[PDB]
There are 2 protein chains.
Amino acid sequence: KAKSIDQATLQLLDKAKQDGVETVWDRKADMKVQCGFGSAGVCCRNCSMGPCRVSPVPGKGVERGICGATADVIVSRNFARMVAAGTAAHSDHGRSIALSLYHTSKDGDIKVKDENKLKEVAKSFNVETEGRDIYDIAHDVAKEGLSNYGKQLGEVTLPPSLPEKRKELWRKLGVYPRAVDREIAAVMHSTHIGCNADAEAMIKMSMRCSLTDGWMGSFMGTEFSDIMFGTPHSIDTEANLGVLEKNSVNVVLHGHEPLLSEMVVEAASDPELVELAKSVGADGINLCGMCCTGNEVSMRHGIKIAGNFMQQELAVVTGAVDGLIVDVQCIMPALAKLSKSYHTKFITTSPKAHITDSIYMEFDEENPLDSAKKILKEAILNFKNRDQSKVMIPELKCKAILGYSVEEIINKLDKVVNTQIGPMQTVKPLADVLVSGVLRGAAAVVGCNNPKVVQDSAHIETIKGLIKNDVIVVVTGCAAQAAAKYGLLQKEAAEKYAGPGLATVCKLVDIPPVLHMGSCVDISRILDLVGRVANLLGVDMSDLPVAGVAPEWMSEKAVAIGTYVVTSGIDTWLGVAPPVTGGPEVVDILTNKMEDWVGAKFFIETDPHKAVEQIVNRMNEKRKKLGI
Amino acid sequence: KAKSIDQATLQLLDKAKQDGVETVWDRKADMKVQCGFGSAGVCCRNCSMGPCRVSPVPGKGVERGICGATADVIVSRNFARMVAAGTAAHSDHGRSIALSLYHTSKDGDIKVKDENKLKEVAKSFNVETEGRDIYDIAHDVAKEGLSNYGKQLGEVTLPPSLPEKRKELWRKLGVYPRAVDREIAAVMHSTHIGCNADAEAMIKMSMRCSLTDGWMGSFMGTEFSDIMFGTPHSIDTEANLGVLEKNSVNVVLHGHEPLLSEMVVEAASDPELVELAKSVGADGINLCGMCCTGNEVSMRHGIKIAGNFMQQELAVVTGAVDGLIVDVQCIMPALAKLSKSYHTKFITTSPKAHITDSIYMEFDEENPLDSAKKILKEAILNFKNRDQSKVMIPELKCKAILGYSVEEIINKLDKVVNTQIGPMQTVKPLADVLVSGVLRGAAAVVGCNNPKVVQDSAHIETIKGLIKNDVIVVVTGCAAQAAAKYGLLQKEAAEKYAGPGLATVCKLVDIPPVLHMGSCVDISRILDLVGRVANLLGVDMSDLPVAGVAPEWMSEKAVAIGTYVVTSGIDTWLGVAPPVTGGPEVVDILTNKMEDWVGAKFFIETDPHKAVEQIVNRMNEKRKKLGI
Ligand code: SF4
Ligand code: SF4
Ligand code: SF4
């Protein structure tokens with residue numbers, strides 16, 4: 001089968017074959033037929049009595065592990081641990097952001113750039129703002145956010161966009177969230193040998209844990225990032241590997257933590273570093289981003305996006321990356337080995353993400369700007385080691401428009417508001433187009449790449465099908481970057497791919513049919529948006545014609561995201577089967593019984609066209625239930 | 001191979017074969033040859049690009065997972081997740097204890113029974129005590145303990161017995177603990193795909209996480225349990241399955257959390273329940289304990305111990321267990337199936353541990369005594385369903401002495417203190433016998449059973465070898481219960497098994513050669529004891545001739561325990577190989593490089609006699625280093 005639908009990706013794969021280096025596709029081929037027990041989730045290693053593998057087919061073979069655990073128990077515990085790991089990644093990201101907010105000052109490297117957003121957040125956290133210094137408010141808000149992570153007494157703080165009905169449903173179901181780290185610890189405790197051996201209770205614990213990701217960790221990370229670095233607005237950028245410059249220093253920022261990439265962007269305008277780039281024979285400094293850190297700097301500053309997850313290696317294959325600076329998460333360790341075949345300096349910066357044989361330059365949060373400057377200086381000095389005979393940058397780049405935060409979307413919707421009617425600054429125009437049926441619904445396309453799927457194929461096919469069916473699409477993460485590379489993040493795309501209702505809406509509001517809402521933590525924005533719509537219509541989020549899709553997901557973070565999206569009341573389609581087919585009870589819970597608990601459920605569909613059809617049918621069913 | 005060295009265990013295995021019921025041994029046989037990849041730890045399932053298996057033999061076969069992770073990376077991440085799971089179990093136990101302390105009242109079900117212990121703990125937590133109400137002090141202490149779990153700013157609180165040198169070494173190494181749930185979340189975050197791919201850093205993160213178990217979670221759980229339920233003192237009890245009564249109601253308490261078992265013990269003396277037991281035709285109520293909850297109620301009240309981990313099923317096989325009340329952890333789910341073959345009521349009580357097809361009666365912490373009375377009444381009423389023709393109780397039980405908390409040990413040591421010299425109430429006599437060489441050292445024997453080892457064989461052989469070599473032995477958990485069943489927890493055992501120096505010490509202090517220090521969380525007591533000795537000698541804990549042994553461990557909790565014992569500076573022998581042989585770098589870190597970091601290291605030895613020899617040699621070389 002084809003490795004990708006992206007032509008620049010194919011050219012660089014040919015180059016990697018010529019250079020004798022191996023990619024993620026080569027390692028996937030080397031893995032051959034993957035273990036059936038692990039693929040079905042019926043393998044357990046939770047204690048040293050094991051490893052235990054039970055039959056994925058009920059009634060045949062070994063039925064129980066040594067402790068007596070059934071296939072359903074093993075599957076449910078494995079699924080719960082995936083959710084706990086994803087929640088941990090997102091919560092650690094949000095915790096770093098909250099600590100950075102706590103360390104803001106007027107004359108420091110980290111300031112408050114959006115005071116209005118900070119005051120609204122302070123209102124949401126019961127922090128007084130009138131007649132107060134802005135940094136005192138910021139510190140109080142950071143304290144409340146940090147308490148959300150580890151409070152042992154009392155209730156956590158949730159955003160006002162979350163409907164009261166959803167909160168009450170969670171409380172009745174027993175999944176109402178506690179402090180984030182406490183829920184992660186609870187999930188890890190209940191999967192220990194000889195604890196929870198009941199699939200339904202295990203799934204409910206995993207949902208409870210995922211809620212602390214969706215509504216607390218990711219939400220606080222996003223809002224505090226907006227406070228410190230600015231709320232995203234409509235902005236132009238370029239996407240795909242063609243953004244690399246042969247005649248300039250190329251600095252590629254890969255990872256998820258935004259403070260480092262923000263400081264690197266600021267350092268790139270330093271006169272001394274620009275002069276140094278000139279002195280090593282380069283035209284200038286060309287910052288490019290990848291994955292979620294690329295999404296953040298692109299949403300807030302228009303930094304060009306070099307590529308998504310499965311392109312990271314190919315960025316090095318060009319031979320033009322002088323410095324690849326990585327913080328945490330979705331950083332393929334093979335990069336270190338790959339960096340030996342080129343001049344590239346592979347720089348790790350976080351104590352959480354040491355990588356063997358990489359150059360470690362710890363990013364100092366006490367002096368973020370100076371630390372970013374020294375890291376960037378190492379990348380710039382590496383330009384002298386460039387071998388221009390090994391350089392091949394495909395001439396394939398695509399224009400994209402992004403920056404669609406909830407605030408930006410509301411500002412855009414204000415155009416189609418009659419002044420004599422109003423109100424202004426609400427999601428009411430979006431609610432109106434959804435209720436009238438001009439738009440059939442809204443769908444979130446999120447997730448990673450996965451060698452099991454032709455890279456970017458499922459993302460593009462799902463998005464085109466949805467917008468052709470007058471479903472407005474919001475995108476995050478690597479799916480958003482696939483849309484950017486393909487050319488869907490363009491106003492012109494409205495008349496090229498969208499159906500009649502969505503084309504009319506795009507023309508009236510002057511937006512692309514696909515709205516890039518940011519990184520994987522920025523999925524919280526989507527929740528926020530949906531919540532507002534629900535609160536405007538006086539219904540729960542499970543009554544709306546909305547859906548989420550993860551066509552090509554790979555990470556534990558994706559599992560946690562899908563779990564909290566379903567738990568919030570939004571049906572989720574998975575384009576990659578999770579390791580649960582071995583447990584019939586777990587499959588039945590996730591795809592059938594979940595609708596009785598939270599009004600939504602998982603859909604597993606590896607065919608994107610069938611997924612689009614199912615999404616449209618489900619949205620029409622919910623519309624008929626709602627009367628619209 | 002023999003299944004056990006215990007004769008009562010063998011008789012009940014014959015009965016289980018005659019009854020056509022499966023045991024843990026039968027399921028272990030059914031599992032046959034366990035997966036080599038999982039056994040070596042070279043299998044990874046951390047993302048849905050996998051499952052990935054790399055060769056356990058370097059230089060052959062597949063070398064890297066799909067993301068590029070090496071065998072060392074996969075092994076280190078698997079080990080770190082085991083540590084995180086064990087830390088989560090212990091920390092959740094301690095968190096429940098702290099919450100119970102927070103709800104103590106003068107006229108409530110949960111009171112303060114050891115005010116002196118509470119005042120000393122309050123001193124350790126910087127809580128004022130002079131001229132204050134005892135329950136105000138208790139609530140402040142509980143607040144400080146709870147803050148240890150989830151504080152995001154500042155430093156955690158550690159017991160005064162921990163040497164300053166050990167803390168400084170931890171700070172220099174980068175493993176100084178943070179809040180417990182924060183460290184669990186950090187480990188889970190760093191094992192996520194594309195985060196940490198460096199074995200040394202991964203092992204250091206796991207050590208940092210395990211420290212929050214050893215010195216914060218388990219320590220606080222133990223000390224708060226002492227405050228609420230009484231400090232253990234020397235007390236007699238009986239052990240092994242013979243403690244069951246044919247003519248009495250048999251109520252078996254299995255699990256770890258002590259509040260439920262304490263309330264059940266209190267409810268058993270209720271006049272209405274005793275009258276009800278008489279009216280259903282029984283002579284009375286016979287409470288028996290298993291595993292750690294049995295250890296707690298036995299340490300504090302002399303409740304008879306029915307058996308350790310791999311005996312739980314056999315307790316039901318007798319046909320005499322009218323009620324089996326379980327809370328969390330090390331509860332084989334197969335019990336639910338097994339109790340169908342008998343009249344036994346298998347009662348789950350904790351929302352953390354639901355077991356399918358068991359009778360769920362949620363233990364209400366708000367009204368603990370009434371809830372325990374209701375559960376106990378269900379067990380008593382089940383006596384009418386006893387089938388006395390199916391009853392077979394082995395006439396095999398053994399006298400044991402336990403209750404050796406640090407306070408009790410100090411009280412015993414006061415006997416050999418010359419009044420004209422002093423001081424009293426210190427560990428000085430123990431330090432003196434260790435320094436003079438009358439005792440060669442002290443060894444902690446802890447851990448579970450494991451079907452991979454003849455049950456209780458390794459525990460008994462290791463303990464007998466150590467005490468024969470004049471090494472005083474402290475025991476916890478299932479190892480302590482194996483010692484109890486065998487008969488080592490007896491004063492007479494001093495003249496039957498101990499060497500000359502240990503026999504003299506036992507005669508002078510009037511103690512058994514093997515000291516039962518309580519449950520698995522009570523391993524913190526051992527740390528406390530060692531710390532005091534170190535603080536009395538002005539040395540670090542790695543300079544002492546001490547060791548820990550886990551001859552037959554199975555649980556993730558055992559992994560976390562061994563990790564924090566080694567990190568505290570105490571060499572640890574493992575009688576069951578952990579899944580790390582596939583990663584040569586991880587093996588080298590755990591067994592060789594750890595000594596450079598923390599002055600102690602792991603020893604993997606499956607032969608108990610060889611383990612005793614190695615322990616004696618290591619203790620002698622540490623003595624020669626210390627000059628004693
Ligand atoms: S999933 Fe289990 S059975 Fe399959 S290779 Fe991995 S450890 Fe072995
Ligand atoms: S927890 Fe149970 S099923 Fe899992 S490895 Fe241990 S004995 Fe086997
Ligand atoms: S994390 Fe890497 S090694 Fe583990 S399953 Fe995913 S791709 Fe394979």
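Only heavy atoms go into these numbers, but all of them, side chains included; no hydrogens, no water, no symmetry mates. Remember, it's 1-based here, ligands and their atoms both numbered in the order they're listed. Letters A, B, ... mirror the listed sequences (proteins, then strands); counts begin at 1.
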Flag for [Y]-[X]: side-chain donor and acceptor within less than 3.5 Å:
X: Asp198(B); Y: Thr356(A); answer: yes
X: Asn308(A); Y: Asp456(A); answer: yes
X: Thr70(B); Y: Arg64(B); answer: no
X: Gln311(A); Y: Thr9(A); answer: yes

Ligand 1 atoms nearer than 4.0 angstrom to some heavy atom of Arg45(B) are 1 (S), 2 (Fe)
Report yes if the side chains of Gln455(B) and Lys3(B) come closer than 4.5 Å at any heavy-atom pair, otherwise no. no
Residues passing the side chain to side chain donor-acceptor pair (under 3.5 Å) test with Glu200(B), sequence neighbours excluded, are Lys593(B)
Exercise for the section: Report the residues that fulfil side chain to side chain donor-acceptor pair (under 3.5 Å) with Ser39(A), sequence neighbours left out, ordered by chain and then residue number. Expected result: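 None.
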Ligand 2 contact on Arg77(A) by region, counting heavy-atom pairs under 4.0 Å:
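For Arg77(A), only side-chain atoms sit under 4.0 Å from ligand 2.
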Sum up the protein N, O or S atoms located under 2.8 Å from atom 8 (Fe) of ligand 1.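 That number is 1, waters not included.
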Of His90(A), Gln329(A), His93(A), the one forming a side-chain hydrogen bond (donor to acceptor under 3.5 Å, both in side chains) with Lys557(A) is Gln329(A)
Exceeds 12 heavy-atom contacts within 6.0 angstrom, atom NZ of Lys337(A)
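Open.
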Please indicate whether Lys60(B) has more than 12 foreign heavy atoms, meaning atoms of other residues, nucleotides or ligands, lying under 6.0 Å from its NZ.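 No, NZ of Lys60(B) has 12 or fewer neighbouring heavy atoms, counting only those of other groups under 6.0 Å.
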Tally of protein N, O or S atoms, where distance to atom 2 (Fe) of ligand 2 is under 2.8 Å: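 Step by step: take atom 2 (Fe) of ligand 2, keep protein N, O, S below 2.8 Å, and you get 1.
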